Each structure stands twice: as structure tokens, then as C-alpha cells.
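**Q** Enclosed is the structure file my_file-v8.csv (CSV, N, CA, C and O atoms).
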chain,number,residue,atom,x,y,z
A,1,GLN,N,105.0,113.2,97.1
A,1,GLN,CA,106.4,113.3,97.3
A,1,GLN,C,106.8,112.9,98.7
A,1,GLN,O,107.5,113.6,99.4
A,2,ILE,N,106.4,111.7,99.1
A,2,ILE,CA,106.8,111.1,100.4
A,2,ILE,C,107.7,109.9,100.1
A,2,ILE,O,107.3,109.1,99.3
A,3,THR,N,108.8,109.9,100.8
A,3,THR,CA,109.8,108.8,100.6
A,3,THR,C,109.6,107.8,101.7
A,3,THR,O,108.7,107.9,102.6
A,4,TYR,N,110.4,106.7,101.7
A,4,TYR,CA,110.5,105.7,102.7
A,4,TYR,C,111.9,105.3,103.0
A,4,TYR,O,112.8,105.6,102.2
A,5,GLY,N,112.1,104.6,104.1
A,5,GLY,CA,113.4,104.2,104.5
A,5,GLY,C,114.1,103.4,103.4
A,5,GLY,O,113.5,102.8,102.6
A,6,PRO,N,115.4,103.5,103.3
A,6,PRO,CA,116.2,102.7,102.3
A,6,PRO,C,115.8,101.3,102.3
A,6,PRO,O,115.6,100.7,103.4
A,7,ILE,N,115.8,100.7,101.1
A,7,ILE,CA,115.4,99.2,101.0
A,7,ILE,C,116.4,98.4,101.7
A,7,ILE,O,116.1,97.5,102.5
A,8,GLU,N,117.7,98.7,101.6
A,8,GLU,CA,118.8,97.9,102.3
A,8,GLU,C,118.6,98.0,103.8
A,8,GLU,O,119.0,97.1,104.5
A,9,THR,N,118.1,99.1,104.2
A,9,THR,CA,117.9,99.3,105.7
A,9,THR,C,116.9,98.2,106.3
A,9,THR,O,117.2,97.7,107.4
A,10,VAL,N,115.9,97.9,105.6
A,10,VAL,CA,114.9,97.0,106.1
A,10,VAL,C,115.5,95.7,106.4
A,10,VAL,O,116.3,95.1,105.6
A,11,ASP,N,115.3,95.2,107.6
A,11,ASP,CA,115.8,93.9,108.1
A,11,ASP,C,114.7,93.0,108.5
A,11,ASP,O,114.1,93.2,109.6
A,12,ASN,N,114.4,92.0,107.6
A,12,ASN,CA,113.3,91.1,107.9
A,12,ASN,C,113.7,89.7,107.5
A,12,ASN,O,112.9,88.9,107.0
A,13,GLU,N,115.0,89.3,107.6
A,13,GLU,CA,115.4,88.0,107.3
A,13,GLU,C,114.8,87.0,108.3
A,13,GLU,O,114.6,85.8,107.9
A,14,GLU,N,114.6,87.4,109.6
A,14,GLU,CA,114.0,86.5,110.5
A,14,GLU,C,112.6,86.2,110.2
A,14,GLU,O,112.0,85.2,110.7
A,15,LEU,N,111.9,86.9,109.3
A,15,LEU,CA,110.6,86.6,108.9
A,15,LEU,C,110.4,85.2,108.4
A,15,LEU,O,111.2,84.7,107.6
A,16,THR,N,109.4,84.5,108.9
A,16,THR,CA,109.2,83.1,108.6
A,16,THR,C,107.8,83.0,108.0
A,16,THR,O,106.9,83.9,108.1
A,17,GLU,N,107.6,81.8,107.4
A,17,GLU,CA,106.3,81.5,106.7
A,17,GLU,C,105.1,81.7,107.7
A,17,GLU,O,104.0,82.2,107.3
A,18,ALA,N,105.3,81.2,108.9
A,18,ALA,CA,104.2,81.4,109.9
A,18,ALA,C,103.9,82.8,110.2
A,18,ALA,O,102.8,83.2,110.5
A,19,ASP,N,104.9,83.7,110.2
A,19,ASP,CA,104.7,85.1,110.5
A,19,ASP,C,103.8,85.7,109.5
A,19,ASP,O,103.0,86.6,109.8
A,20,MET,N,104.0,85.4,108.2
A,20,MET,CA,103.2,86.0,107.2
A,20,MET,C,101.7,85.7,107.4
A,20,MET,O,100.9,86.5,106.9
A,21,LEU,N,101.3,84.7,108.1
A,21,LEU,CA,99.9,84.4,108.4
A,21,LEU,C,99.3,85.6,109.2
A,21,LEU,O,98.0,85.7,109.2
A,22,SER,N,100.1,86.4,109.8
A,22,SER,CA,99.5,87.6,110.4
A,22,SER,C,98.9,88.5,109.4
A,22,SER,O,97.9,89.1,109.7
A,23,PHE,N,99.5,88.5,108.2
A,23,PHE,CA,98.9,89.3,107.1
A,23,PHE,C,97.5,88.8,106.7
A,23,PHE,O,96.6,89.5,106.5
A,24,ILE,N,97.4,87.5,106.6
A,24,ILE,CA,96.1,86.9,106.3
A,24,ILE,C,95.1,87.2,107.3
A,24,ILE,O,93.9,87.5,107.1
A,25,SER,N,95.5,87.1,108.6
A,25,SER,CA,94.6,87.4,109.7
A,25,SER,C,94.1,88.9,109.6
A,25,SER,O,93.0,89.1,109.8
A,26,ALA,N,95.1,89.8,109.3
A,26,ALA,CA,94.7,91.2,109.2
A,26,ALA,C,93.7,91.4,108.0
A,26,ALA,O,92.7,92.1,108.2
A,27,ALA,N,94.0,90.7,106.9
A,27,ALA,CA,93.1,90.8,105.8
A,27,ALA,C,91.7,90.4,106.1
A,27,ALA,O,90.7,91.1,105.8
A,28,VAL,N,91.6,89.2,106.7
A,28,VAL,CA,90.2,88.7,107.1
A,28,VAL,C,89.5,89.6,108.1
A,28,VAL,O,88.3,89.8,108.0
A,29,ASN,N,90.3,90.0,109.1
A,29,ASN,CA,89.7,90.9,110.1
A,29,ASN,C,89.2,92.2,109.5
A,29,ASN,O,88.1,92.6,109.8
A,30,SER,N,89.9,92.8,108.6
A,30,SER,CA,89.5,94.1,108.0
A,30,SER,C,88.3,93.8,107.1
A,30,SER,O,87.2,94.4,107.3
A,31,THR,N,88.5,92.9,106.1
A,31,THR,CA,87.4,92.7,105.2
A,31,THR,C,86.2,92.0,105.9
A,31,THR,O,85.0,92.3,105.6
A,32,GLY,N,86.5,91.1,106.8
A,32,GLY,CA,85.5,90.4,107.5
A,32,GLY,C,85.2,89.0,106.9
A,32,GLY,O,85.6,88.7,105.8
A,33,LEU,N,84.7,88.1,107.7
A,33,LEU,CA,84.4,86.8,107.3
A,33,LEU,C,83.5,86.8,106.0
A,33,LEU,O,83.8,86.1,105.1
A,34,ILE,N,82.5,87.6,106.1
A,34,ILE,CA,81.6,87.8,104.9
A,34,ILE,C,81.2,89.3,104.9
A,34,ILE,O,81.1,89.9,106.0
A,35,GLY,N,81.0,89.8,103.7
A,35,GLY,CA,80.6,91.2,103.6
A,35,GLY,C,80.2,91.6,102.3
A,35,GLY,O,80.0,90.8,101.4
A,36,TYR,N,79.9,92.9,102.1
A,36,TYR,CA,79.5,93.5,100.9
A,36,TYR,C,78.0,93.2,100.5
A,36,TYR,O,77.4,93.9,99.7
A,37,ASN,N,77.4,92.2,101.1
A,37,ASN,CA,76.0,91.9,100.8
A,37,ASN,C,75.1,92.9,101.5
A,37,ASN,O,74.3,93.6,100.9
A,38,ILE,N,75.3,93.0,102.9
A,38,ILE,CA,74.6,94.0,103.6
A,38,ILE,C,75.0,95.4,103.1
A,38,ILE,O,74.2,96.4,103.1
A,39,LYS,N,76.3,95.6,102.7
A,39,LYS,CA,76.7,96.8,102.2
A,39,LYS,C,76.0,97.2,100.9
A,39,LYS,O,75.6,98.4,100.7
A,40,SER,N,75.8,96.3,100.0
A,40,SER,CA,75.1,96.5,98.7
A,40,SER,C,73.6,96.9,99.1
A,40,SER,O,73.1,97.8,98.5
A,41,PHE,N,73.0,96.1,100.0
A,41,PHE,CA,71.6,96.4,100.3
A,41,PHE,C,71.5,97.8,100.9
A,41,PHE,O,70.6,98.6,100.6
A,42,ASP,N,72.5,98.2,101.8
A,42,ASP,CA,72.4,99.5,102.5
A,42,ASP,C,72.6,100.6,101.4
A,42,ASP,O,71.9,101.6,101.5
A,43,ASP,N,73.6,100.5,100.5
A,43,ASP,CA,73.9,101.5,99.5
A,43,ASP,C,72.6,101.6,98.6
A,43,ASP,O,72.2,102.7,98.3
A,44,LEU,N,72.1,100.5,98.2
A,44,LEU,CA,70.8,100.5,97.5
A,44,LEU,C,69.8,101.4,98.2
A,44,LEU,O,69.4,102.5,97.7
A,45,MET,N,69.4,101.0,99.4
A,45,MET,CA,68.4,101.7,100.1
A,45,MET,C,68.7,103.2,100.3
A,45,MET,O,67.8,104.1,100.2
A,46,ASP,N,70.0,103.5,100.5
A,46,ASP,CA,70.4,104.9,100.8
A,46,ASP,C,70.3,105.8,99.6
A,46,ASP,O,69.8,106.9,99.6
A,47,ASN,N,70.9,105.3,98.5
A,47,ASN,CA,71.0,106.1,97.3
A,47,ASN,C,70.3,105.7,96.1
A,47,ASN,O,69.6,106.4,95.4
A,48,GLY,N,70.4,104.4,95.7
A,48,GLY,CA,69.8,103.9,94.5
A,48,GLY,C,68.2,104.0,94.6
A,48,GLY,O,67.6,104.4,93.6
A,49,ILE,N,67.6,103.7,95.7
A,49,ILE,CA,66.2,103.8,95.8
A,49,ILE,C,65.7,105.2,95.6
A,49,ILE,O,64.8,105.5,94.9
A,50,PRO,N,66.3,106.2,96.3
A,50,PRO,CA,66.0,107.6,95.9
A,50,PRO,C,66.3,107.9,94.5
A,50,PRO,O,65.5,108.5,93.8
A,51,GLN,N,67.5,107.6,94.0
A,51,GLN,CA,67.9,107.9,92.7
A,51,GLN,C,67.0,107.2,91.7
A,51,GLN,O,66.6,107.8,90.7
A,52,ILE,N,66.7,106.0,91.9
A,52,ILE,CA,65.8,105.2,91.0
A,52,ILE,C,64.4,105.7,91.0
A,52,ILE,O,63.8,105.9,89.9
A,53,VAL,N,63.8,106.0,92.2
A,53,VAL,CA,62.5,106.5,92.2
A,53,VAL,C,62.4,107.9,91.6
A,53,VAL,O,61.3,108.3,91.0
A,54,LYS,N,63.4,108.7,91.7
A,54,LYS,CA,63.4,110.0,91.0
A,54,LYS,C,63.2,109.8,89.5
A,54,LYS,O,62.6,110.7,88.8
A,55,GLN,N,63.6,108.7,88.9
A,55,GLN,CA,63.5,108.5,87.5
A,55,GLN,C,62.9,107.1,87.2
A,55,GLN,O,61.7,106.9,86.9
A,56,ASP,N,60.6,113.4,97.5
A,56,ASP,CA,61.5,112.6,98.3
A,56,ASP,C,60.8,111.5,99.0
A,56,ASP,O,59.7,111.7,99.6
A,57,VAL,N,61.4,110.3,99.0
A,57,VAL,CA,60.7,109.1,99.6
A,57,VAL,C,61.8,108.2,100.2
A,57,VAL,O,62.9,108.1,99.6
A,58,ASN,N,61.6,107.6,101.3
A,58,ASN,CA,62.5,106.7,102.0
A,58,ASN,C,61.8,105.8,102.9
A,58,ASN,O,60.6,106.1,103.3
A,59,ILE,N,62.4,104.6,103.1
A,59,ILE,CA,61.7,103.5,103.9
A,59,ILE,C,62.4,103.5,105.3
A,59,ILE,O,63.6,103.5,105.4
A,60,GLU,N,61.5,103.5,106.3
A,60,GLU,CA,62.0,103.5,107.7
A,60,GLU,C,62.1,102.0,108.1
A,60,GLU,O,61.8,101.1,107.3
A,61,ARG,N,62.5,101.8,109.3
A,61,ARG,CA,62.7,100.4,109.8
A,61,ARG,C,61.4,99.7,109.9
A,61,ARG,O,60.3,100.3,110.0
A,62,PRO,N,61.4,98.4,109.7
A,62,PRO,CA,60.1,97.6,109.6
A,62,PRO,C,59.3,97.8,110.9
A,62,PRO,O,59.8,97.8,112.0
A,63,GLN,N,58.0,97.8,110.7
A,63,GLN,CA,57.0,97.9,111.8
A,63,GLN,C,55.8,97.1,111.5
A,63,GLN,O,55.0,97.4,110.6
A,64,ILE,N,54.2,99.5,115.1
A,64,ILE,CA,55.0,98.8,116.1
A,64,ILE,C,56.2,98.1,115.5
A,64,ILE,O,56.1,97.3,114.5
A,65,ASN,N,57.4,98.5,116.0
A,65,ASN,CA,58.6,97.8,115.5
A,65,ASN,C,58.6,96.3,115.7
A,65,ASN,O,58.2,95.9,116.7
A,66,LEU,N,59.0,95.6,114.7
A,66,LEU,CA,59.0,94.1,114.7
A,66,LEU,C,60.4,93.6,114.8
A,66,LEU,O,61.3,93.9,114.0
Represent the structure contained in this file as C-alpha cells.
**A**
Amino acid sequence: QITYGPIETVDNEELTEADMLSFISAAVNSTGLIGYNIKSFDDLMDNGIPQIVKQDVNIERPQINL
């Protein structure tokens, strides 16, 4: 039950096509140039490997550390 300013109130006629590229920049910065691959590997190692081996064991950093 949270409202927002009236639609007619918003004043963005000055907005230009070049300005919208700020949105693209924000999207790329947040998501990143590339991602979700290291994320999938990390989630696997953290949860799937324990969950999968169950059906406690964990892998430490590769090693003398290399």
C-alpha cells in the first residue's frame, strides 16, 4: 500500500534518446559485462555439491596454495 507521485506531476519532456542510454549503462554496470557463470559454479560448490553428495564434505581452495 505504497503510492507514488501523480503521473501528470512527472516532468520528463526534456528527456532525449541519448539520456536513456544512462539506463543501458546502469543495466550493464549492475548485471556486469559477463556473469552468472562464476555464480553457477559458486552456488554448485556451496549447496549442490553438499546436497548432491548427501544423496559433511566440502572442497577447500586448491593446493601449498597454488
**Q** Rounded to one decimal, what separation in Å do you get between atom O of residue 59 in chain A and CA of residue 45 in chain A?
**A** 7.4 Å
**Q** So that I can see what lies close to residue 57 in chain A, please list as a ChimeraX atom specification the residues with an atom at most 12 Å from it, counting only C-alpha atoms and leaving out residues fewer than 3 positions away in the same chain.
**A** /A:45-54,60
**Q** Hey, can you check how far CA of residue 16 in chain A sits from CA of residue 2 in chain A?
**A** 29.3 Å
**Q** Tell me, which residues of chain A carry DSSP helix (DSSP H, G or I), written as an NGL selection string?
**A** :A and (17-31 or 37-54)
**Q** How far is it from atom C of residue 42 in chain A to atom C of residue 26 in chain A, in Å with one decimal?
**A**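 Atom-to-atom, atom C of residue 42 in chain A and atom C of residue 26 in chain A are spaced 23.9 Å apart.
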